[PDB]
$ cat work_19.pdb   # PDB, C-alpha atoms
ATOM      1  CA  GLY J   1      -5.867 -68.897  14.409  1.00  0.00           C
ATOM      2  CA  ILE J   2      -8.757 -66.518  14.386  1.00  0.00           C
ATOM      3  CA  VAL J   3     -11.397 -69.178  13.827  1.00  0.00           C
ATOM      4  CA  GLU J   4     -10.292 -71.107  16.913  1.00  0.00           C
ATOM      5  CA  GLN J   5     -10.236 -67.973  19.040  1.00  0.00           C
ATOM      6  CA  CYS J   6     -13.343 -66.184  17.786  1.00  0.00           C
ATOM      7  CA  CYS J   7     -15.678 -68.647  16.026  1.00  0.00           C
ATOM      8  CA  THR J   8     -15.361 -71.928  17.934  1.00  0.00           C
ATOM      9  CA  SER J   9     -14.588 -70.027  21.167  1.00  0.00           C
ATOM     10  CA  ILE J  10     -15.819 -66.595  22.274  1.00  0.00           C
ATOM     11  CA  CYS J  11     -14.076 -63.728  20.508  1.00  0.00           C
ATOM     12  CA  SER J  12     -12.633 -60.661  22.242  1.00  0.00           C
ATOM     13  CA  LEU J  13     -11.511 -57.217  21.190  1.00  0.00           C
ATOM     14  CA  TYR J  14      -8.105 -58.112  22.325  1.00  0.00           C
ATOM     15  CA  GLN J  15      -7.922 -61.042  19.873  1.00  0.00           C
ATOM     16  CA  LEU J  16      -9.552 -59.204  16.961  1.00  0.00           C
ATOM     17  CA  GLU J  17      -6.970 -56.430  17.176  1.00  0.00           C
ATOM     18  CA  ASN J  18      -4.253 -59.050  16.705  1.00  0.00           C
ATOM     19  CA  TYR J  19      -5.504 -59.287  13.101  1.00  0.00           C
ATOM     20  CA  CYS J  20      -5.546 -55.541  12.312  1.00  0.00           C
ATOM     21  CA  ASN J  21      -2.688 -54.334  10.138  1.00  0.00           C
TER
ATOM     22  CA  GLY D   1      -4.758 -50.182  -3.663  1.00  0.00           C
ATOM     23  CA  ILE D   2      -8.021 -52.001  -3.439  1.00  0.00           C
ATOM     24  CA  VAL D   3     -10.096 -48.912  -2.725  1.00  0.00           C
ATOM     25  CA  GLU D   4      -8.865 -47.196  -5.888  1.00  0.00           C
ATOM     26  CA  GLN D   5      -9.513 -50.276  -7.995  1.00  0.00           C
ATOM     27  CA  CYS D   6     -12.802 -51.484  -6.532  1.00  0.00           C
ATOM     28  CA  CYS D   7     -14.536 -48.651  -4.638  1.00  0.00           C
ATOM     29  CA  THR D   8     -13.758 -45.470  -6.583  1.00  0.00           C
ATOM     30  CA  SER D   9     -13.552 -47.459  -9.847  1.00  0.00           C
ATOM     31  CA  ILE D  10     -15.450 -50.607 -10.853  1.00  0.00           C
ATOM     32  CA  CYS D  11     -14.141 -53.752  -9.186  1.00  0.00           C
ATOM     33  CA  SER D  12     -13.390 -57.018 -10.992  1.00  0.00           C
ATOM     34  CA  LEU D  13     -12.842 -60.614  -9.995  1.00  0.00           C
ATOM     35  CA  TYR D  14      -9.410 -60.341 -11.353  1.00  0.00           C
ATOM     36  CA  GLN D  15      -8.544 -57.506  -8.936  1.00  0.00           C
ATOM     37  CA  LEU D  16     -10.286 -59.037  -5.913  1.00  0.00           C
ATOM     38  CA  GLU D  17      -8.266 -62.230  -6.279  1.00  0.00           C
ATOM     39  CA  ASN D  18      -5.096 -60.145  -6.001  1.00  0.00           C
ATOM     40  CA  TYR D  19      -6.047 -59.707  -2.325  1.00  0.00           C
ATOM     41  CA  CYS D  20      -6.712 -63.390  -1.513  1.00  0.00           C
ATOM     42  CA  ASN D  21      -3.984 -65.105   0.479  1.00  0.00           C
TER
ATOM     43  CA  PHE B   1     -21.677 -59.184  -7.437  1.00  0.00           C
ATOM     44  CA  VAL B   2     -18.044 -58.286  -8.172  1.00  0.00           C
ATOM     45  CA  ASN B   3     -18.424 -56.069 -11.254  1.00  0.00           C
ATOM     46  CA  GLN B   4     -19.585 -52.907  -9.536  1.00  0.00           C
ATOM     47  CA  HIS B   5     -18.319 -50.227  -7.183  1.00  0.00           C
ATOM     48  CA  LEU B   6     -17.757 -51.892  -3.822  1.00  0.00           C
ATOM     49  CA  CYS B   7     -16.924 -49.848  -0.755  1.00  0.00           C
ATOM     50  CA  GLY B   8     -16.512 -50.533   2.933  1.00  0.00           C
ATOM     51  CA  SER B   9     -18.406 -53.540   4.209  1.00  0.00           C
ATOM     52  CA  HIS B  10     -19.611 -54.230   0.697  1.00  0.00           C
ATOM     53  CA  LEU B  11     -16.005 -54.692  -0.460  1.00  0.00           C
ATOM     54  CA  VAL B  12     -15.030 -56.842   2.487  1.00  0.00           C
ATOM     55  CA  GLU B  13     -18.049 -59.046   1.823  1.00  0.00           C
ATOM     56  CA  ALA B  14     -16.953 -59.562  -1.780  1.00  0.00           C
ATOM     57  CA  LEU B  15     -13.435 -60.503  -0.652  1.00  0.00           C
ATOM     58  CA  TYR B  16     -14.899 -62.959   1.820  1.00  0.00           C
ATOM     59  CA  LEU B  17     -17.091 -64.613  -0.817  1.00  0.00           C
ATOM     60  CA  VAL B  18     -14.459 -64.757  -3.552  1.00  0.00           C
ATOM     61  CA  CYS B  19     -11.465 -65.772  -1.525  1.00  0.00           C
ATOM     62  CA  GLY B  20     -13.178 -68.441   0.564  1.00  0.00           C
ATOM     63  CA  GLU B  21     -10.818 -70.602   2.598  1.00  0.00           C
ATOM     64  CA  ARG B  22      -7.821 -68.815   1.071  1.00  0.00           C
ATOM     65  CA  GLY B  23      -8.669 -65.814   3.233  1.00  0.00           C
ATOM     66  CA  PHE B  24      -7.739 -62.286   2.256  1.00  0.00           C
ATOM     67  CA  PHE B  25      -6.244 -59.005   3.348  1.00  0.00           C
ATOM     68  CA  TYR B  26      -8.136 -55.689   3.367  1.00  0.00           C
ATOM     69  CA  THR B  27      -5.842 -52.636   3.306  1.00  0.00           C
ATOM     70  CA  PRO B  28      -7.830 -49.554   2.470  1.00  0.00           C
ATOM     71  CA  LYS B  29      -5.181 -47.044   3.371  1.00  0.00           C
TER
ATOM     72  CA  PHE O   1     -20.607 -57.017  19.219  1.00  0.00           C
ATOM     73  CA  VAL O   2     -17.155 -58.559  19.723  1.00  0.00           C
ATOM     74  CA  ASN O   3     -17.728 -60.689  22.836  1.00  0.00           C
ATOM     75  CA  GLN O   4     -19.548 -63.580  21.215  1.00  0.00           C
ATOM     76  CA  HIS O   5     -18.942 -66.430  18.801  1.00  0.00           C
ATOM     77  CA  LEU O   6     -18.308 -64.873  15.401  1.00  0.00           C
ATOM     78  CA  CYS O   7     -18.058 -67.016  12.299  1.00  0.00           C
ATOM     79  CA  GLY O   8     -17.769 -66.395   8.588  1.00  0.00           C
ATOM     80  CA  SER O   9     -19.169 -63.089   7.420  1.00  0.00           C
ATOM     81  CA  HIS O  10     -19.999 -62.214  10.998  1.00  0.00           C
ATOM     82  CA  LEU O  11     -16.302 -62.416  11.915  1.00  0.00           C
ATOM     83  CA  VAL O  12     -15.148 -60.460   8.900  1.00  0.00           C
ATOM     84  CA  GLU O  13     -17.672 -57.751   9.745  1.00  0.00           C
ATOM     85  CA  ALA O  14     -16.269 -57.463  13.266  1.00  0.00           C
ATOM     86  CA  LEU O  15     -12.720 -57.164  11.906  1.00  0.00           C
ATOM     87  CA  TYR O  16     -13.875 -54.470   9.520  1.00  0.00           C
ATOM     88  CA  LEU O  17     -15.557 -52.464  12.284  1.00  0.00           C
ATOM     89  CA  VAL O  18     -12.771 -52.813  14.841  1.00  0.00           C
ATOM     90  CA  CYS O  19      -9.781 -52.342  12.618  1.00  0.00           C
ATOM     91  CA  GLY O  20     -11.117 -49.395  10.629  1.00  0.00           C
ATOM     92  CA  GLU O  21      -8.543 -47.683   8.433  1.00  0.00           C
ATOM     93  CA  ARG O  22      -5.824 -49.989   9.774  1.00  0.00           C
ATOM     94  CA  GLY O  23      -7.337 -52.776   7.689  1.00  0.00           C
ATOM     95  CA  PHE O  24      -6.997 -56.419   8.625  1.00  0.00           C
ATOM     96  CA  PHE O  25      -6.191 -59.910   7.457  1.00  0.00           C
ATOM     97  CA  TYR O  26      -8.647 -62.830   7.580  1.00  0.00           C
ATOM     98  CA  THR O  27      -6.942 -66.247   7.510  1.00  0.00           C
ATOM     99  CA  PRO O  28      -9.394 -68.925   8.492  1.00  0.00           C
ATOM    100  CA  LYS O  29      -7.305 -71.865   7.436  1.00  0.00           C
TER
END
$ encode --input "work_19.pdb" --output "structure tokens"
Amino acid sequence: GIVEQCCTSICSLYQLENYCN
Amino acid sequence: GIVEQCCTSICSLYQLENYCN
Amino acid sequence: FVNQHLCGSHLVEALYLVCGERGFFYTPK
Amino acid sequence: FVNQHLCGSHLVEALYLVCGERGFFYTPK
């Protein structure tokens, strides 16, 4: 989930936008 | 929605918890 | 902190603090 | 601001800024 992709690994715009509505 | 209940009117715990998963 | 007008990042911060590990959804529009 | 480790309120802030009026969901667990 987002924590694994962005908190414990380096986040990206690409991944953040996966969580926009 | 949340903006109407919490931003343009006074928010409450009760309303915020409506938006928790 | 919740019983006030909360807009933008201020509102998202309140959701974050209240909801904790439940998480939340923010849908302004 | 997005290309770093982002945790907790820092992550929620990034979602808020990126997603804008789309809104977002934060599901840490």
$ calpha_fit_and_write --input "work_19.pdb" --fixed "chain D" --moving "chain J" --output "short mmCIF file (atom, residue, chain, number, x, y, z; two decimals) with C-alpha atoms, keeping the file's coordinate frame"
data_model
loop_
_atom_site.label_atom_id
_atom_site.label_comp_id
_atom_site.auth_asym_id
_atom_site.auth_seq_id
_atom_site.Cartn_x
_atom_site.Cartn_y
_atom_site.Cartn_z
CA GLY J 1 -4.76 -50.18 -3.66
CA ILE J 2 -8.02 -52.00 -3.44
CA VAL J 3 -10.10 -48.91 -2.73
CA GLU J 4 -8.86 -47.20 -5.89
CA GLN J 5 -9.51 -50.28 -8.00
CA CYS J 6 -12.80 -51.48 -6.53
CA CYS J 7 -14.54 -48.65 -4.64
CA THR J 8 -13.76 -45.47 -6.58
CA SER J 9 -13.55 -47.46 -9.85
CA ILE J 10 -15.45 -50.61 -10.85
CA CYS J 11 -14.14 -53.75 -9.19
CA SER J 12 -13.39 -57.02 -10.99
CA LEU J 13 -12.84 -60.61 -9.99
CA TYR J 14 -9.41 -60.34 -11.35
CA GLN J 15 -8.54 -57.51 -8.94
CA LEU J 16 -10.29 -59.04 -5.91
CA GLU J 17 -8.27 -62.23 -6.28
CA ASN J 18 -5.10 -60.14 -6.00
CA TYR J 19 -6.05 -59.71 -2.32
CA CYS J 20 -6.71 -63.39 -1.51
CA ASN J 21 -3.98 -65.10 0.48
#
$ residues_around --input "work_19.pdb" --residues "range 1-13 of chain B" --least-positions-apart "2" --cutoff "8 Å" --atoms "only C-alpha atoms" --output "ChimeraX atom specification"
/D:3,6-13 /B:15-17,26 /O:9,12-13,16
$ calpha_fit_and_write --input "work_19.pdb" --fixed "chain O" --moving "chain B" --output "PDB file with C-alpha atoms, keeping the file's coordinate frame"
ATOM      1  CA  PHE B   1     -20.607 -57.016  19.219  1.00  0.00           C
ATOM      2  CA  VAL B   2     -17.155 -58.559  19.723  1.00  0.00           C
ATOM      3  CA  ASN B   3     -17.728 -60.689  22.836  1.00  0.00           C
ATOM      4  CA  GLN B   4     -19.548 -63.580  21.215  1.00  0.00           C
ATOM      5  CA  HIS B   5     -18.941 -66.430  18.801  1.00  0.00           C
ATOM      6  CA  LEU B   6     -18.308 -64.874  15.401  1.00  0.00           C
ATOM      7  CA  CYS B   7     -18.057 -67.017  12.299  1.00  0.00           C
ATOM      8  CA  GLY B   8     -17.769 -66.395   8.588  1.00  0.00           C
ATOM      9  CA  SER B   9     -19.169 -63.089   7.419  1.00  0.00           C
ATOM     10  CA  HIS B  10     -19.999 -62.214  10.998  1.00  0.00           C
ATOM     11  CA  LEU B  11     -16.302 -62.416  11.916  1.00  0.00           C
ATOM     12  CA  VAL B  12     -15.149 -60.459   8.899  1.00  0.00           C
ATOM     13  CA  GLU B  13     -17.672 -57.751   9.745  1.00  0.00           C
ATOM     14  CA  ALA B  14     -16.269 -57.462  13.266  1.00  0.00           C
ATOM     15  CA  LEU B  15     -12.720 -57.164  11.906  1.00  0.00           C
ATOM     16  CA  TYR B  16     -13.875 -54.470   9.520  1.00  0.00           C
ATOM     17  CA  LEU B  17     -15.557 -52.464  12.284  1.00  0.00           C
ATOM     18  CA  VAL B  18     -12.771 -52.812  14.841  1.00  0.00           C
ATOM     19  CA  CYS B  19      -9.781 -52.341  12.618  1.00  0.00           C
ATOM     20  CA  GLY B  20     -11.117 -49.395  10.629  1.00  0.00           C
ATOM     21  CA  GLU B  21      -8.543 -47.683   8.434  1.00  0.00           C
ATOM     22  CA  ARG B  22      -5.824 -49.990   9.774  1.00  0.00           C
ATOM     23  CA  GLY B  23      -7.338 -52.776   7.689  1.00  0.00           C
ATOM     24  CA  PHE B  24      -6.997 -56.419   8.624  1.00  0.00           C
ATOM     25  CA  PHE B  25      -6.192 -59.910   7.457  1.00  0.00           C
ATOM     26  CA  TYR B  26      -8.647 -62.830   7.581  1.00  0.00           C
ATOM     27  CA  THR B  27      -6.942 -66.247   7.511  1.00  0.00           C
ATOM     28  CA  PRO B  28      -9.394 -68.925   8.492  1.00  0.00           C
ATOM     29  CA  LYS B  29      -7.305 -71.866   7.436  1.00  0.00           C
TER      30      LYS B  29
END
$ interface_residues --input "work_19.pdb" --of "chain O" --to "chain D" --cutoff "12 Å" --atoms "all atoms listed in the file" --output "PyMOL selection string"
chain O and resi 21+23-29
$ write_last_selection --input "work_19.pdb" --atoms "C-alpha atoms" --output "JSON list (two decimals), keeping the file's coordinate frame"
[["chain", "number", "residue", "atom", "x", "y", "z"],
["O", 21, "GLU", "CA", -8.54, -47.68, 8.43],
["O", 23, "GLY", "CA", -7.34, -52.78, 7.69],
["O", 24, "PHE", "CA", -7.00, -56.42, 8.62],
["O", 25, "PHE", "CA", -6.19, -59.91, 7.46],
["O", 26, "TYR", "CA", -8.65, -62.83, 7.58],
["O", 27, "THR", "CA", -6.94, -66.25, 7.51],
["O", 28, "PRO", "CA", -9.39, -68.92, 8.49],
["O", 29, "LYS", "CA", -7.30, -71.86, 7.44]]
$ axis_aligned_box --input "work_19.pdb" --around "range 14-27 of chain O" --padding-each-side "4 Å" --output "lines of an AutoDock Vina configuration file"
center_x = -11.0
center_y = -57.0
center_z = 11.1
size_x = 18.4
size_y = 26.6
size_z = 15.4
$ build_atoms --input "work_19.pdb" --residues "chain O" --atoms "N, CA and C atoms" --output "PDB file, in the coordinates of the input"
ATOM      1  N   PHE O   1     -20.510 -56.159  20.396  1.00  0.00           N
ATOM      2  CA  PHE O   1     -20.607 -57.017  19.219  1.00  0.00           C
ATOM      3  C   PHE O   1     -19.426 -57.972  19.138  1.00  0.00           C
ATOM      4  N   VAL O   2     -18.345 -57.710  19.882  1.00  0.00           N
ATOM      5  CA  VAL O   2     -17.155 -58.559  19.723  1.00  0.00           C
ATOM      6  C   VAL O   2     -17.102 -59.740  20.660  1.00  0.00           C
ATOM      7  N   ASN O   3     -17.838 -59.667  21.771  1.00  0.00           N
ATOM      8  CA  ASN O   3     -17.728 -60.689  22.836  1.00  0.00           C
ATOM      9  C   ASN O   3     -18.741 -61.789  22.644  1.00  0.00           C
ATOM     10  N   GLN O   4     -18.627 -62.497  21.537  1.00  0.00           N
ATOM     11  CA  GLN O   4     -19.548 -63.580  21.215  1.00  0.00           C
ATOM     12  C   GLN O   4     -18.817 -64.489  20.243  1.00  0.00           C
ATOM     13  N   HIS O   5     -19.423 -65.619  19.919  1.00  0.00           N
ATOM     14  CA  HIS O   5     -18.942 -66.430  18.801  1.00  0.00           C
ATOM     15  C   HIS O   5     -19.239 -65.707  17.516  1.00  0.00           C
ATOM     16  N   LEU O   6     -18.219 -65.567  16.685  1.00  0.00           N
ATOM     17  CA  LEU O   6     -18.308 -64.873  15.401  1.00  0.00           C
ATOM     18  C   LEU O   6     -17.707 -65.727  14.337  1.00  0.00           C
ATOM     19  N   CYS O   7     -18.518 -66.108  13.346  1.00  0.00           N
ATOM     20  CA  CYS O   7     -18.058 -67.016  12.299  1.00  0.00           C
ATOM     21  C   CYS O   7     -18.360 -66.440  10.937  1.00  0.00           C
ATOM     22  N   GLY O   8     -17.504 -66.739   9.975  1.00  0.00           N
ATOM     23  CA  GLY O   8     -17.769 -66.395   8.588  1.00  0.00           C
ATOM     24  C   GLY O   8     -17.929 -64.907   8.396  1.00  0.00           C
ATOM     25  N   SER O   9     -19.008 -64.509   7.694  1.00  0.00           N
ATOM     26  CA  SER O   9     -19.169 -63.089   7.420  1.00  0.00           C
ATOM     27  C   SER O   9     -19.334 -62.285   8.676  1.00  0.00           C
ATOM     28  N   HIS O  10     -19.807 -62.915   9.742  1.00  0.00           N
ATOM     29  CA  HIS O  10     -19.999 -62.214  10.998  1.00  0.00           C
ATOM     30  C   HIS O  10     -18.648 -61.816  11.586  1.00  0.00           C
ATOM     31  N   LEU O  11     -17.634 -62.671  11.411  1.00  0.00           N
ATOM     32  CA  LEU O  11     -16.302 -62.416  11.915  1.00  0.00           C
ATOM     33  C   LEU O  11     -15.598 -61.343  11.091  1.00  0.00           C
ATOM     34  N   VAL O  12     -15.716 -61.448   9.769  1.00  0.00           N
ATOM     35  CA  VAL O  12     -15.148 -60.460   8.900  1.00  0.00           C
ATOM     36  C   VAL O  12     -15.729 -59.065   9.154  1.00  0.00           C
ATOM     37  N   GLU O  13     -17.033 -59.023   9.433  1.00  0.00           N
ATOM     38  CA  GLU O  13     -17.672 -57.751   9.745  1.00  0.00           C
ATOM     39  C   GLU O  13     -17.086 -57.139  11.017  1.00  0.00           C
ATOM     40  N   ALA O  14     -16.861 -57.966  12.036  1.00  0.00           N
ATOM     41  CA  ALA O  14     -16.269 -57.463  13.266  1.00  0.00           C
ATOM     42  C   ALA O  14     -14.856 -56.934  13.033  1.00  0.00           C
ATOM     43  N   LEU O  15     -14.044 -57.651  12.246  1.00  0.00           N
ATOM     44  CA  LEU O  15     -12.720 -57.164  11.906  1.00  0.00           C
ATOM     45  C   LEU O  15     -12.794 -55.819  11.211  1.00  0.00           C
ATOM     46  N   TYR O  16     -13.711 -55.697  10.252  1.00  0.00           N
ATOM     47  CA  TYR O  16     -13.875 -54.470   9.520  1.00  0.00           C
ATOM     48  C   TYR O  16     -14.198 -53.322  10.459  1.00  0.00           C
ATOM     49  N   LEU O  17     -15.158 -53.533  11.374  1.00  0.00           N
ATOM     50  CA  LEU O  17     -15.557 -52.464  12.284  1.00  0.00           C
ATOM     51  C   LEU O  17     -14.473 -52.100  13.281  1.00  0.00           C
ATOM     52  N   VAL O  18     -13.791 -53.077  13.842  1.00  0.00           N
ATOM     53  CA  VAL O  18     -12.771 -52.813  14.841  1.00  0.00           C
ATOM     54  C   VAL O  18     -11.543 -52.197  14.224  1.00  0.00           C
ATOM     55  N   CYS O  19     -11.089 -52.729  13.107  1.00  0.00           N
ATOM     56  CA  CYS O  19      -9.781 -52.342  12.618  1.00  0.00           C
ATOM     57  C   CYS O  19      -9.825 -51.005  11.885  1.00  0.00           C
ATOM     58  N   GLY O  20     -10.985 -50.658  11.323  1.00  0.00           N
ATOM     59  CA  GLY O  20     -11.117 -49.395  10.629  1.00  0.00           C
ATOM     60  C   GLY O  20     -10.045 -49.212   9.571  1.00  0.00           C
ATOM     61  N   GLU O  21      -9.481 -48.020   9.493  1.00  0.00           N
ATOM     62  CA  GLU O  21      -8.543 -47.683   8.433  1.00  0.00           C
ATOM     63  C   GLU O  21      -7.214 -48.406   8.568  1.00  0.00           C
ATOM     64  N   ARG O  22      -6.995 -49.117   9.675  1.00  0.00           N
ATOM     65  CA  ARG O  22      -5.824 -49.989   9.774  1.00  0.00           C
ATOM     66  C   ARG O  22      -5.906 -51.130   8.767  1.00  0.00           C
ATOM     67  N   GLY O  23      -7.123 -51.538   8.406  1.00  0.00           N
ATOM     68  CA  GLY O  23      -7.337 -52.776   7.689  1.00  0.00           C
ATOM     69  C   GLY O  23      -6.989 -54.018   8.497  1.00  0.00           C
ATOM     70  N   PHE O  24      -7.120 -55.181   7.883  1.00  0.00           N
ATOM     71  CA  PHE O  24      -6.997 -56.419   8.625  1.00  0.00           C
ATOM     72  C   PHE O  24      -6.665 -57.553   7.676  1.00  0.00           C
ATOM     73  N   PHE O  25      -6.289 -58.694   8.238  1.00  0.00           N
ATOM     74  CA  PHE O  25      -6.191 -59.910   7.457  1.00  0.00           C
ATOM     75  C   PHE O  25      -7.094 -60.991   8.080  1.00  0.00           C
ATOM     76  N   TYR O  26      -7.765 -61.742   7.201  1.00  0.00           N
ATOM     77  CA  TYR O  26      -8.647 -62.830   7.580  1.00  0.00           C
ATOM     78  C   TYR O  26      -8.053 -64.113   7.018  1.00  0.00           C
ATOM     79  N   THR O  27      -7.607 -65.006   7.894  1.00  0.00           N
ATOM     80  CA  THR O  27      -6.942 -66.247   7.510  1.00  0.00           C
ATOM     81  C   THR O  27      -7.598 -67.370   8.279  1.00  0.00           C
ATOM     82  N   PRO O  28      -8.668 -67.921   7.745  1.00  0.00           N
ATOM     83  CA  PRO O  28      -9.394 -68.925   8.492  1.00  0.00           C
ATOM     84  C   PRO O  28      -8.722 -70.260   8.550  1.00  0.00           C
ATOM     85  N   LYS O  29      -7.919 -70.566   7.547  1.00  0.00           N
ATOM     86  CA  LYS O  29      -7.305 -71.865   7.436  1.00  0.00           C
ATOM     87  C   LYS O  29      -5.829 -71.624   7.299  1.00  0.00           C
TER      88      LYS O  29
END
